[PDB]
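Data first, discussion second: the structure below is written as C-alpha cells.
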Amino acid sequence: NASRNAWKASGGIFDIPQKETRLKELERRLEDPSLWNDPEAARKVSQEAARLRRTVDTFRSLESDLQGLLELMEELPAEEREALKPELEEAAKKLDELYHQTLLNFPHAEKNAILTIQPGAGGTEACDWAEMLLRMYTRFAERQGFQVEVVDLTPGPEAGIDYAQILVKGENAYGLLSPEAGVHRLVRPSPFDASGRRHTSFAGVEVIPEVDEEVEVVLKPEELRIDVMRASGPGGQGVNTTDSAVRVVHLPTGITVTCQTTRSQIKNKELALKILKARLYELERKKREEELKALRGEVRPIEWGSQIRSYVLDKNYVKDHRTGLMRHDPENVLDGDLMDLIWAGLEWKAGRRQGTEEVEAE
RNA sequence: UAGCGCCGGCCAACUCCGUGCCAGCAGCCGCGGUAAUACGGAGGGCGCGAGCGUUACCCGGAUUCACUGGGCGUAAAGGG
RNA sequence: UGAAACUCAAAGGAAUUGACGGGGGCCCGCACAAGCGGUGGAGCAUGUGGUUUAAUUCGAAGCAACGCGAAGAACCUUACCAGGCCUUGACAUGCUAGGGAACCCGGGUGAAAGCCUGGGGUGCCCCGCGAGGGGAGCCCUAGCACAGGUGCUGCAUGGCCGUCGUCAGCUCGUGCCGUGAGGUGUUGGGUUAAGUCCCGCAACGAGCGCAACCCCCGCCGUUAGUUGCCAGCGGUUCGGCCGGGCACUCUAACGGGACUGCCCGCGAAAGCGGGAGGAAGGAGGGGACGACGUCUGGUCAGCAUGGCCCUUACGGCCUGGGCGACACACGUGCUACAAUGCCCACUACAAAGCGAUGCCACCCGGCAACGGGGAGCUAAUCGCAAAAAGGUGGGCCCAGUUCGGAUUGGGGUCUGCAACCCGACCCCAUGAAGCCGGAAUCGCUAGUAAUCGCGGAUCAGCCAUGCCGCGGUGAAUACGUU
RNA sequence: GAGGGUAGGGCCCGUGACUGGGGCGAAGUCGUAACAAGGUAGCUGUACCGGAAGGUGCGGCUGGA
RNA sequence: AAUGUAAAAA
RNA sequence: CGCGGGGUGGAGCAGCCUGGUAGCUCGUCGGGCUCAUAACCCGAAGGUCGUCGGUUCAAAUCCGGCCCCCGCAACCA
RNA sequence: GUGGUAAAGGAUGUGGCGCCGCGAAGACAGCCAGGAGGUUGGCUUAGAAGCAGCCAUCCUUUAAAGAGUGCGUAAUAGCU
Ligand SMILES: [Mg+2]
Ligand SMILES: [Mg+2]
Ligand SMILES: [Mg+2]
Ligand SMILES: [Mg+2]
Ligand SMILES: [Mg+2]
Ligand SMILES: [Mg+2]
Ligand SMILES: [Mg+2]
Ligand SMILES: [Mg+2]
Ligand SMILES: [Mg+2]
Ligand SMILES: [Mg+2]
Ligand SMILES: [Mg+2]
Ligand SMILES: [Mg+2]
Ligand SMILES: [Mg+2]
Ligand SMILES: [Mg+2]
Ligand SMILES: [Mg+2]
Ligand SMILES: [Mg+2]
Ligand SMILES: [Mg+2]
Ligand SMILES: [Mg+2]
Ligand SMILES: [Mg+2]
Ligand SMILES: [Mg+2]
Ligand SMILES: [Mg+2]
Ligand SMILES: [Mg+2]
Ligand SMILES: [Mg+2]
Ligand SMILES: [Mg+2]
Ligand SMILES: [Mg+2]
Ligand SMILES: [Mg+2]
Ligand SMILES: [Mg+2]
Ligand SMILES: [Mg+2]
Ligand SMILES: [Mg+2]
Ligand SMILES: [Mg+2]
Ligand SMILES: [Mg+2]
Ligand SMILES: [Mg+2]
Ligand SMILES: [Mg+2]
Ligand SMILES: [Mg+2]
Ligand SMILES: [Mg+2]
Ligand SMILES: [Mg+2]
Ligand SMILES: [Mg+2]
Ligand SMILES: [Mg+2]
Ligand SMILES: [Mg+2]
Ligand SMILES: [Mg+2]
Ligand SMILES: [Mg+2]
Ligand SMILES: [Mg+2]
Ligand SMILES: [Mg+2]
Ligand SMILES: [Mg+2]
Ligand SMILES: [Mg+2]
Ligand SMILES: [Mg+2]
Ligand SMILES: [Mg+2]
Ligand SMILES: [Mg+2]
Ligand SMILES: [Mg+2]
Ligand SMILES: [Mg+2]
Ligand SMILES: [Mg+2]
Ligand SMILES: [Mg+2]
Ligand SMILES: [Mg+2]
Ligand SMILES: [Mg+2]
Ligand SMILES: [Mg+2]
Ligand SMILES: [Mg+2]
Ligand SMILES: [Mg+2]
Ligand SMILES: [Mg+2]
Ligand SMILES: [Mg+2]
Ligand SMILES: [Mg+2]
Ligand SMILES: [Mg+2]
Ligand SMILES: [Mg+2]
Ligand SMILES: [Mg+2]
Ligand SMILES: [Mg+2]
Ligand SMILES: [Mg+2]
Ligand SMILES: [Mg+2]
Ligand SMILES: [Mg+2]
Ligand SMILES: [Mg+2]
Ligand SMILES: [Mg+2]
Ligand SMILES: [Mg+2]
Ligand SMILES: [Mg+2]
Ligand SMILES: [Mg+2]
Ligand SMILES: [Mg+2]
Ligand SMILES: [Mg+2]
Ligand SMILES: [Mg+2]
Ligand SMILES: [Mg+2]
Ligand SMILES: [Mg+2]
Ligand SMILES: [Mg+2]
Ligand SMILES: [Mg+2]
Ligand SMILES: [Mg+2]
Ligand SMILES: [Mg+2]
Ligand SMILES: [Mg+2]
Ligand SMILES: [Mg+2]
Ligand SMILES: [Mg+2]
Ligand SMILES: [Mg+2]
Ligand SMILES: [Mg+2]
Ligand SMILES: [Mg+2]
Ligand SMILES: [Mg+2]
Ligand SMILES: [Mg+2]
Ligand SMILES: [Mg+2]
Ligand SMILES: [Mg+2]
Ligand SMILES: [Mg+2]
Ligand SMILES: [Mg+2]
Ligand SMILES: [Mg+2]
Ligand SMILES: [Mg+2]
Ligand SMILES: [Mg+2]
Ligand SMILES: [Mg+2]
Ligand SMILES: [Mg+2]
Ligand SMILES: [Mg+2]
Ligand SMILES: [Mg+2]
Ligand SMILES: [Mg+2]
Ligand SMILES: [Mg+2]
Ligand SMILES: [Mg+2]
Ligand SMILES: [Mg+2]
Ligand SMILES: [Mg+2]
Ligand SMILES: [Mg+2]
Ligand SMILES: [Mg+2]
Ligand SMILES: [Mg+2]
Ligand SMILES: [Mg+2]
Ligand SMILES: [Mg+2]
Ligand SMILES: [Mg+2]
Ligand SMILES: [Mg+2]
Ligand SMILES: [Mg+2]
Ligand SMILES: [Mg+2]
Ligand SMILES: [Mg+2]
Ligand SMILES: [Mg+2]
Ligand SMILES: [Mg+2]
Ligand SMILES: [Mg+2]
Ligand SMILES: [Mg+2]
Ligand SMILES: [Mg+2]
Ligand SMILES: [Mg+2]
Ligand SMILES: [Mg+2]
Ligand SMILES: [Mg+2]
Ligand SMILES: [Mg+2]
Ligand SMILES: [Mg+2]
Ligand SMILES: [Mg+2]
Ligand SMILES: [Mg+2]
Ligand SMILES: [Mg+2]
Ligand SMILES: [Mg+2]
Ligand SMILES: [Mg+2]
Ligand SMILES: [Mg+2]
Ligand SMILES: [Mg+2]
Ligand SMILES: [Mg+2]
Ligand SMILES: [Mg+2]
Ligand SMILES: [Mg+2]
Ligand SMILES: [Mg+2]
Ligand SMILES: [Mg+2]
Ligand SMILES: [Mg+2]
Ligand SMILES: [Mg+2]
Ligand SMILES: [Mg+2]
Ligand SMILES: [Mg+2]
Ligand SMILES: [Mg+2]
Ligand SMILES: [Mg+2]
Ligand SMILES: [Mg+2]
Ligand SMILES: [Mg+2]
Ligand SMILES: [Mg+2]
Ligand SMILES: [Mg+2]
Ligand SMILES: [Mg+2]
Ligand SMILES: [Mg+2]
Ligand SMILES: [Mg+2]
Ligand SMILES: [Mg+2]
Ligand SMILES: [Mg+2]
Ligand SMILES: [Mg+2]
Ligand SMILES: [Mg+2]
Ligand SMILES: [Mg+2]
Ligand SMILES: [Mg+2]
Ligand SMILES: [Mg+2]
Ligand SMILES: [Mg+2]
Ligand SMILES: [Mg+2]
Ligand SMILES: [Mg+2]
Ligand SMILES: [Mg+2]
Ligand SMILES: [Mg+2]
Ligand SMILES: [Mg+2]
Ligand SMILES: [Mg+2]
Ligand SMILES: [Mg+2]
Ligand SMILES: [Mg+2]
Ligand SMILES: [Mg+2]
Ligand SMILES: [Mg+2]
Ligand SMILES: [Mg+2]
Ligand SMILES: [Mg+2]
Ligand SMILES: [Mg+2]
Ligand SMILES: [Mg+2]
Ligand SMILES: [Mg+2]
Ligand SMILES: [Mg+2]
Ligand SMILES: [Mg+2]
Ligand SMILES: [Mg+2]
Ligand SMILES: [Mg+2]
Ligand SMILES: [Mg+2]
C-alpha cells in the first residue's frame with residue numbers, strides 16, 4: 001500500500017505550494033478595515049480564507065503520517081513495527097477523507113445517475129461489445145453496493161443490443177460513473193468473422209442525474225396580457241356591438257395566440273389561454289432539452305476516430321488514454337474493477353483538468 | 001565557417017531504443033492496431049556542399065493527340 | 001448535339017489455376033432407404049452455460065469443446081480464496097565474513113507453520129608432549145551474484161495431438177506444348193478398396209501415398225512335458241491324490257498353409273462370374289500404420305522456448321475454505337416404468353488380467369459390512385473367483401405392484417492424523433417421479449446391435465454409472481442411389 | 001465631337017428561401033435485382049406500374065440452353 | 001426456401 | 001356548456017345486449033432445425049378490464065358520479 | 001355641514017359608566033448619575049460579541065442594570 005500513500009501525498013502536495021502562496025495574498029488582504037467596509041468584497045475574501053481549512057489539515061496531518069511511519073516501519077516481524085502499523089489504519093480512514101474531498105465536488109455527484117450504452121462503428125460485432133459493457137457497468141454497481149434499475153433495453157439483429165439505458169440507484173452514483181462517458185475501443189478476433197482476424201469496434205456511453213418541472217407557474221396572471229375587441233366576419237348587429245375577440249399575449253416571451261371562433265368572450269379567453277399554455281409549454285420544454293444539447297456540448301464526439309480507453313483482449317491489456325494508465329486484466333476490468341481506476345485516474349484527471357483550467361484560464 | 005536532403009520499394013544508404021491505427025508519414029504502392037530498416041530520437045551509412053531541400057509553372061518521360069509514331073470483333077472507339 | 005465541378009487508383013479485355021453452383025455425367029461411405037435398439041420425458045450420476053460467492057483457479061467452443069487435460073480434489077492434490085508466518089529463499093551454482101563440527105534429544109509458545117530456547121556433543125586436517133589456534137565438511141546468521149513465477153502472449157515458437165480422412169490423392173526429372181500464368185505425364189477405354197492393374201497415348205520414367213514386410217484370431221505339423229490326462233493299466237482318505245505316460249488339451253517359439261493356383265464361361269489383357277479341392281478363398285476376420293497439405297484448430301497449465309511483466313513480493317510455508325455453491329439451460333451417462341418380468345433357493349459353462357507389510361485359503365464371532373485367529377503364495381503350483389445372463393424348483397398375478405428404488409430418519413463398520421463442509425459400505429425403517437416420453441435426434445451391416453457379467457490402469461479410501469480391455473448368450477435388415 | 005442623360009435589348013459573373021439529382025463516408029434500416037438455370041436465363045429500346053431494388057407487355061440480342 | 005459488416009498474405 | 005360512441009395481458013382487437021367461465025393475432029420466455037441469425041416447428045407464461053360508489057348471492061358485463069380518447073353539434077340576429 | 005343617507009379595517013376626536021394597578025413612606029412626564037461583571041450564554045454560520053436563524057429560565061458588586069428593547073458595524077464599541 002506504500003504506493004497509493006505517496007500518491008495521495010503527491011495530490012495533497014501540489015495543493016500545498018499553490019494554495020500556499022494563494023493564501024498569503026488573501027490573508028494580508030483581510031487585515032485592512034477598508035477591505036471590510038466593502039461588504040460583498042470581503043465576503044469572497046473570507047471565502048478563500050475559508051478554503052484554507054481544507055488546505056491546512058491535509059498537508060499537516062498527512063505530512064506527519066508519512067515520516068512517523070517511515071521510521072518505525074522499515075524492518076521487524078513482531079514487536080514495535082506491528083505497533084506502528086495499526087496507527088496508520090486510522091490514517092487509512094484519513095486517506096478516506098481525502099478521497100471524498102476530491103470526488104464529492106461535482107454539480108450532482110451525490111445523486112443517482114443514468115447510464116446509456118449505444119453501439120457504433122463495428123457492425124454486429126460493435127453491438128456485441130455494447131452488451132459486454134452493459135454487464136460490465138451493471139456488475140460494478142452490484143459490488144459498489146448499488147441498485148440497478150434498467151430503464152430501457154433493445155437487443156440487436158444478431159448479437160443482442162442496439163441500445164440500452166440504466167438507472168444506478170444509490171449515492172455518488174453520478175460522481176462515480178461521471179468519468180465514463182465517451183467512446184471505448186475494443187480489439188479482438190471477431191466472433192463473427194469467418195477468418196477471425198483482429199477487428200476494432202466502438203461503443204458509446206453517457207451519464208446524467210435527474211430533475212424537475214415548471215409548467216403552470218407561468219400562467220400566473222401578472223405575466224400575460226389579455227385584450228378584448230370586436231370579432232370579425234359574420235355576426236350581423238351582434239358581431240358589430242359585441243366584442244368577443246380575445247388575444248392573450250405572453251409578455252415574458254412575446255408569444256401570442258388570438259381567438260374569435262365562438263360568440264362568447266369568456267369561452268374564447270378560455271380557449272386562447274388553453275392554447276398559449278401548450279405553445280409556451282413546448283418552448284420551455286425545448287429549452288430544457290436545449291440545455292441537454294449544451295450537455296451534448298460538454299462532450300459529443302463521433303464514433304471511432306475518437307476513444308477514451310482501449311480494451312484489447314489479444315495481448316490482454318486495457319488502456320485509459322486520458323491518463324496513460326494501463327492494466328493487463330481486461331477480464332477483471334470487464335467485471336467491476338473500476339474503483340481504483342475511476343478513483344485516481346478518472347477523478348484526478350477530470351477534476352484536475354477542469355480545476356486547473358478554472359484557476360488558470362477560466 | 002559546414003551545412004542540408006535522404007537511408008521500406010522505385011532509389012545509393014541499416015541497426016538500436018521509444019512508440020502503439022495514437023503520435024505521426026505520404027510522390028505513387030502503402031507504413032503505425034506492443035516487439036516498425038516506412039512515425040520519432042540515436043549510432044552508423046548513402047548523396048551533394050556555400051549550399052541542400054520545398055512549393056509553383058514549362059518541355060521530358062508520354063509512341064498518353066502517334067507527321068516522324070497509335071488505334072476502333074470482345075479492352076475506350078464503325079455512323080442504324 | 002453534349003460538358004464541368006467534384007471524386008476514385010483504378011476501371012477493364014483475354015486466358016490460367018482453384019473454390020463454389022437451388023449444372024451435368026460416372027462413383028463411393030450405416031449418407032439416405034430397409035431394419036434393431038436408443039437419447040430428448042422421469043430419478044440419479046457426470047461435464048458445461050448462467051447466476052451466486054470471500055473465493056466458487058485455469059484451459060477446451062459446431063462438426064473436430066461439453067464422463068474432454070483429470071488413469072482417482074476430504075487435508076495432499078491445488079494453480080483460487082481468508083488468516084498466521086519466511087522474505088537470497090523449498091531446490092542450483094558461486095564468492096566472502098564472523099560463531100559452531102558433524103549429529104541427536106527437548107522444553108515455553110501457536111491453529112499449524114513459524115518464532116523464543118535448554119541439553120548431549122566434540123569426530124576429520126596442520127603445529128606442538130600439552131595448551132592454544134589454523135584448515136575441510138556440515139549448520140546458524142550477515143552480504144552479493146542469483147533463485148522462484150501454473151504471471152502474459154499457442155496470433156512470436158519446438159514438441160506432441162485433433163481434423164478433413166484410410167479419402168486416393170499430392171508431386172518431381174527430362175522432353176514437348178503455350179508470349180505467359182500454365183499445360184502434359186496424372187487425361188482417355190476397361191479394372192479394382194485404391195493414381196489396383198491392363199490397354200491406349202507426347203511423353204518416358206521416378207518419388208510421398210495405396211498394397212505388401214510387423215502384431216492378434218481361424219486349420220495343421222516341429223521342439224518343450226510340474227497344465228491336462230485312467231485317453232491306458234494299478235493302488236484310491238475315489239480329488240488326476242500316488243505310480244505312471246504326453247498321446248490329446250493347453251502353454252509358447254518356429255514353421256506349413258491361399259497364389260484367382262485348379263475346373264468351367266466372358267475378356268485384347270487386366271479382370272470378372274460360377275464350380276472343386278480346402279480349416280479357410282477372390283483383401284478370410286480384427287489390429288498397428290494416417291501422404292502434399294488444410295483449419296492464424298489445440299496446448300506457453302506436461303515439458304521446452306523468443307518477448308514481456310513481478311521481485312519482502314505476481315515468490316514460499318501452514319491452518320481453514322473452495323473447486324462439491326443452485327431460481328436455471330444443454331451435452332455424455334446410469335437405473336427404470338415391470339410378466340420375453342421381479343423375488344428366493346439350488347446347480348452349471350469363460351476370457352484376459354492382476355497379487356508376497358499385496359492377493360488373503362479355512363475357522364471363529366456378527367443379520368451384515370467388518371473384525372479376531374490363521375495356512376499358503378515373488379505366483380500355468382496358493383490367492384482375488386461366486387462370472388453373469390443361463391438351467392431346474394418355489395413364490396407374486398397386473399397393481400404404481402414383491403414394478404421402480406429416489407428421498408429422509410435411525411443405528412453401525414472400514415481407510416486415513418481428520419470423513420461438518422465432502423468418502424465408501426451395511427442393516428432397519430422410510431418408500432419419490434416415473435404406466436415408454438413434444439418438436440427433434442444418436443448408434444450399428446454379423447459373432448455386429450442388443451444384452452450379461454469379469455478384469456485392469458489410477459489409488460489410503462473413493463464420490464467409476466467414467467475409461468481401457470475380456471469373455472458369455474446372440475438378431476434384424478439392405479428393392480435401390482431419386 | 002469627349003462625355004453625360006434617358007429608354008430598351010444581348011452575353012457573362014456573383015448571390016437566393018427552397019428544390020433535383022450526383023460523389024464520398026470501417027458502422028444503420030429495408031429487402032435481395034445481378035454474378036451458378038443466382039433458384040422466373042440475362043440484357044436491351046420502349047410502355048405501363050410498384051417503398052426499393054424491380055416487375056410485366058411488345059419486339060430485339062446472346063454477351064443463354 | 002432470405003442474409004452474414006468492419007484489421008490476415010517477405 | 002350539448003348529444004353519441006369507447007377505456008380489456010407489452011401492441012391492436014374480441015367478451016358486455018341476454019351477469020357465473022377473460023378469447024384471437026403479433027410480441028414475450030423455454031426448447032429445437034442452422035455454421036449462425038431470420039423464417040419455420042414444439043411448450044409455456046402474461047391481464048387491478050380508467051378510478052371512486054352502488055344493485056346482486058355474484059359485476060369486465062347492470063346503474064350513478066369523476067377522469068382520459070374519438071364522432072357530431074354550437075344557428076337568427 | 002356629521003345631520004344631508006358605503007364596508008372590512010383603522011386612530012392620544014369628544015362625552016359617559018365600570019374594573020385593575022401606582023402615589024404625600026413623593027407617583028406619571030421631563031430631567032442628572034450608573035445602567036456592570038464570568039458573558040464574548042450554549043448551538044450553527046465565512047462571520048453570528050444582549051442584539052440573523054435554532055435552544056433556552058445562572059449568580060455576583062448593588063438601592064440598581066433583562067442570559068436582553070431598538071437602531072447600528074463585516075463582526076465591535078457605541079446611543080437607548
Ligand atoms: Mg501526526
Ligand atoms: Mg521522533
Ligand atoms: Mg499479529
Ligand atoms: Mg495500533
Ligand atoms: Mg484521493
Ligand atoms: Mg422507475
Ligand atoms: Mg429490426
Ligand atoms: Mg440477441
Ligand atoms: Mg460475418
Ligand atoms: Mg469455425
Ligand atoms: Mg400571481
Ligand atoms: Mg370580414
Ligand atoms: Mg354569411
Ligand atoms: Mg347568416
Ligand atoms: Mg351585446
Ligand atoms: Mg356591449
Ligand atoms: Mg367568428
Ligand atoms: Mg364555433
Ligand atoms: Mg429563455
Ligand atoms: Mg466515423
Ligand atoms: Mg473474478
Ligand atoms: Mg535526396
Ligand atoms: Mg536518385
Ligand atoms: Mg538501397
Ligand atoms: Mg501517445
Ligand atoms: Mg508500451
Ligand atoms: Mg520496435
Ligand atoms: Mg506489428
Ligand atoms: Mg521513407
Ligand atoms: Mg527512422
Ligand atoms: Mg548520423
Ligand atoms: Mg561554388
Ligand atoms: Mg509533362
Ligand atoms: Mg504531357
Ligand atoms: Mg507527345
Ligand atoms: Mg493505342
Ligand atoms: Mg478499319
Ligand atoms: Mg471516355
Ligand atoms: Mg453509311
Ligand atoms: Mg449515312
Ligand atoms: Mg453503335
Ligand atoms: Mg442517327
Ligand atoms: Mg465524348
Ligand atoms: Mg470528360
Ligand atoms: Mg456548372
Ligand atoms: Mg471446403
Ligand atoms: Mg449414422
Ligand atoms: Mg462400416
Ligand atoms: Mg433409417
Ligand atoms: Mg428417452
Ligand atoms: Mg432426462
Ligand atoms: Mg454445453
Ligand atoms: Mg447472493
Ligand atoms: Mg491460461
Ligand atoms: Mg473456465
Ligand atoms: Mg476424473
Ligand atoms: Mg493468502
Ligand atoms: Mg542460499
Ligand atoms: Mg570476491
Ligand atoms: Mg520442540
Ligand atoms: Mg516440562
Ligand atoms: Mg580432514
Ligand atoms: Mg589430508
Ligand atoms: Mg594436508
Ligand atoms: Mg596428511
Ligand atoms: Mg598431527
Ligand atoms: Mg603433531
Ligand atoms: Mg608430535
Ligand atoms: Mg593430544
Ligand atoms: Mg581439505
Ligand atoms: Mg577442500
Ligand atoms: Mg495454434
Ligand atoms: Mg505448434
Ligand atoms: Mg482431398
Ligand atoms: Mg490432379
Ligand atoms: Mg495436373
Ligand atoms: Mg472416351
Ligand atoms: Mg501406384
Ligand atoms: Mg497340434
Ligand atoms: Mg483303468
Ligand atoms: Mg480299473
Ligand atoms: Mg478299454
Ligand atoms: Mg503327477
Ligand atoms: Mg507358397
Ligand atoms: Mg488367370
Ligand atoms: Mg465358390
Ligand atoms: Mg489379414
Ligand atoms: Mg484391416
Ligand atoms: Mg499399409
Ligand atoms: Mg496455427
Ligand atoms: Mg484458443
Ligand atoms: Mg503462458
Ligand atoms: Mg514463455
Ligand atoms: Mg521464458
Ligand atoms: Mg508486486
Ligand atoms: Mg514493489
Ligand atoms: Mg496371511
Ligand atoms: Mg477373509
Ligand atoms: Mg456367524
Ligand atoms: Mg473383512
Ligand atoms: Mg479379516
Ligand atoms: Mg497345478
Ligand atoms: Mg481390485
Ligand atoms: Mg433369471
Ligand atoms: Mg418359475
Ligand atoms: Mg406411486
Ligand atoms: Mg449398534
Ligand atoms: Mg404422468
Ligand atoms: Mg402396470
Ligand atoms: Mg468394471
Ligand atoms: Mg481403486
Ligand atoms: Mg465399468
Ligand atoms: Mg455621341
Ligand atoms: Mg453616347
Ligand atoms: Mg453612363
Ligand atoms: Mg421617358
Ligand atoms: Mg443594359
Ligand atoms: Mg442567377
Ligand atoms: Mg443542393
Ligand atoms: Mg438517377
Ligand atoms: Mg440520392
Ligand atoms: Mg441535395
Ligand atoms: Mg447511384
Ligand atoms: Mg452509409
Ligand atoms: Mg442502428
Ligand atoms: Mg445500405
Ligand atoms: Mg443490410
Ligand atoms: Mg438473387
Ligand atoms: Mg429470387
Ligand atoms: Mg444467368
Ligand atoms: Mg424490358
Ligand atoms: Mg409503401
Ligand atoms: Mg421477349
Ligand atoms: Mg434485327
Ligand atoms: Mg449472356
Ligand atoms: Mg441444357
Ligand atoms: Mg438485411
Ligand atoms: Mg449488415
Ligand atoms: Mg461480406
Ligand atoms: Mg372496443
Ligand atoms: Mg365509460
Ligand atoms: Mg378508448
Ligand atoms: Mg372491457
Ligand atoms: Mg391496450
Ligand atoms: Mg392499456
Ligand atoms: Mg399496460
Ligand atoms: Mg361497454
Ligand atoms: Mg406466439
Ligand atoms: Mg424463442
Ligand atoms: Mg428461438
Ligand atoms: Mg460463424
Ligand atoms: Mg449461438
Ligand atoms: Mg432461432
Ligand atoms: Mg426485420
Ligand atoms: Mg414440456
Ligand atoms: Mg406456440
Ligand atoms: Mg402462444
Ligand atoms: Mg396462450
Ligand atoms: Mg391464460
Ligand atoms: Mg368497467
Ligand atoms: Mg368475472
Ligand atoms: Mg361543426
Ligand atoms: Mg335573418
Ligand atoms: Mg334560418
Ligand atoms: Mg352631507
Ligand atoms: Mg366601523
Ligand atoms: Mg377601532
Ligand atoms: Mg388608549
Ligand atoms: Mg422609594
Ligand atoms: Mg452591557
Ligand atoms: Mg462569544
Ligand atoms: Mg461561537
Ligand atoms: Mg456588550
Ligand atoms: Mg448584528
Ligand atoms: Mg432551578
Ligand atoms: Mg464607526
Ligand atoms: Mg467577524
Ligand atoms: Mg453593548
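By order in the C-alpha cells, chains are A, B, ...; within a chain, residues start at 1; ligands start at 1, following the order shown.
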
Write out as a tab-separated table a residue-level contact list of chain B versus ligand 37 with cut-off 12 Å: for each qualifying residue the closest pair of atoms and the distance in Å to one decimal, counting only C-alpha atoms (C1' of nucleotides) and all ligand atoms, rows sorted by chain and residue number upward.
```
residue	atom	partner	partner_atom_place_in_ligand_line	distance
B:71	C1'	ligand 37	1 (Mg)	9.6
B:72	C1'	ligand 37	1 (Mg)	7.3
B:73	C1'	ligand 37	1 (Mg)	11.2
B:77	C1'	ligand 37	1 (Mg)	11.2
B:78	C1'	ligand 37	1 (Mg)	8.1
```

Exercise answer, chain B residues close to chain A, 10 Å and only C-alpha atoms (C1' of nucleotides), as a PDB file with C-alpha atoms (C1' of nucleotides), in the first residue's frame:
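File written: part.pdb
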```
ATOM      1  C1'   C B  21      -4.404   2.854 -36.230  1.00  0.00           C
ATOM      2  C1'   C B  22      -2.056   7.009 -31.114  1.00  0.00           C
ATOM      3  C1'   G B  33      -3.650  -1.742 -34.344  1.00  0.00           C
ATOM      4  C1'   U B  34       3.268  -3.795 -28.455  1.00  0.00           C
TER       5        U B  34
END
```

As a PDB file with C-alpha atoms (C1' of nucleotides), in the first residue's frame, please: the residues near residue 17 in chain C (cut-off 12 Å, only C-alpha atoms (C1' of nucleotides), same-chain neighbours under 4 positions excluded).
```pdb
ATOM      1  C1'   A C 181       0.472 -17.830 -65.617  1.00  0.00           C
ATOM      2  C1'   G C 182       0.396 -22.808 -67.005  1.00  0.00           C
ATOM      3  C1'   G C 183      -0.452 -27.479 -69.550  1.00  0.00           C
TER       4        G C 183
END
```

Q: May I have the residues within 12 Å of residue 46 in chain A as a ChimeraX atom specification, using only C-alpha atoms (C1' of nucleotides) and disregarding those fewer than 6 positions away in the same chain?
A: /A:23,26-31,35-36,39-40,52-53 /G:46-47,74

Keeping only C-alpha atoms (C1' of nucleotides), write those residues as a PDB file, in the first residue's frame.
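What landed in selection09.pdb:
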```
ATOM      1  CA  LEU A  23      -3.323  32.092   0.955  1.00  0.00           C
ATOM      2  CA  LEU A  26      -5.525  36.662   0.617  1.00  0.00           C
ATOM      3  CA  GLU A  27      -4.632  36.873   4.319  1.00  0.00           C
ATOM      4  CA  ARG A  28      -2.919  40.283   4.307  1.00  0.00           C
ATOM      5  CA  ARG A  29      -5.942  41.390   2.292  1.00  0.00           C
ATOM      6  CA  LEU A  30      -8.316  40.528   5.166  1.00  0.00           C
ATOM      7  CA  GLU A  31      -6.321  42.743   7.551  1.00  0.00           C
ATOM      8  CA  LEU A  35     -11.329  45.869   2.708  1.00  0.00           C
ATOM      9  CA  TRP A  36     -14.203  45.008   5.062  1.00  0.00           C
ATOM     10  CA  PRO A  39     -19.300  44.034   2.254  1.00  0.00           C
ATOM     11  CA  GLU A  40     -19.710  41.834  -0.845  1.00  0.00           C
ATOM     12  CA  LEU A  52      -7.530  27.346   3.977  1.00  0.00           C
ATOM     13  CA  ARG A  53      -9.307  24.983   6.385  1.00  0.00           C
TER      14      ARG A  53
ATOM     15  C1'   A G  46     -17.367  32.775   6.163  1.00  0.00           C
ATOM     16  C1'   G G  47     -18.942  35.746  10.244  1.00  0.00           C
ATOM     17  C1'   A G  74     -18.223  42.791   8.328  1.00  0.00           C
TER      18        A G  74
END
```

Compute the chain A side of the contact with chain D at 6 Å, counting only C-alpha atoms (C1' of nucleotides), and hand it back as a JSON list (two decimals) with N, CA, C and O atoms, in the first residue's frame.
```json
[["chain", "number", "residue", "atom", "x", "y", "z"],
["A", 120, "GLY", "N", -21.61, 1.42, -32.03],
["A", 120, "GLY", "CA", -21.11, 2.31, -33.06],
["A", 120, "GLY", "C", -20.37, 1.54, -34.15],
["A", 120, "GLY", "O", -20.71, 0.40, -34.44],
["A", 121, "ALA", "N", -19.37, 2.16, -34.75],
["A", 121, "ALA", "CA", -18.61, 1.51, -35.80],
["A", 121, "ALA", "C", -18.22, 0.12, -35.33],
["A", 121, "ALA", "O", -17.71, -0.06, -34.23],
["A", 122, "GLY", "N", -18.48, -0.88, -36.17],
["A", 122, "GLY", "CA", -18.10, -2.24, -35.85],
["A", 122, "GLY", "C", -19.18, -3.22, -36.24],
["A", 122, "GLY", "O", -18.96, -4.43, -36.22],
["A", 123, "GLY", "N", -20.36, -2.71, -36.59],
["A", 123, "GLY", "CA", -21.46, -3.55, -37.01],
["A", 123, "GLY", "C", -21.89, -4.54, -35.94],
["A", 123, "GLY", "O", -21.71, -4.29, -34.75]]
```

Q.
Within 10 Å of chain A, which residues belong to chain E? Use only C-alpha atoms (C1' of nucleotides) and report them as an MDAnalysis selection string.
A. chainID E and resid 4:8

Q.
Hey, which residues sit close to ligand 110? Say within 10 Å, counting only C-alpha atoms (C1' of nucleotides) and all ligand atoms, and write them as a PyMOL selection string.
A. chain C and resi 453-456+464

(Q) Can you pull out every residue with an atom within 7 Å of ligand 143? Use only C-alpha atoms (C1' of nucleotides) and all ligand atoms and format it as a PyMOL selection string. (A) chain F and resi 8+49+60

Q. Using only C-alpha atoms (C1' of nucleotides) and all ligand atoms, which protein or nucleic acid residues are at most 9 Å from ligand 169, as a ChimeraX atom specification?
A. /G:25-26,63
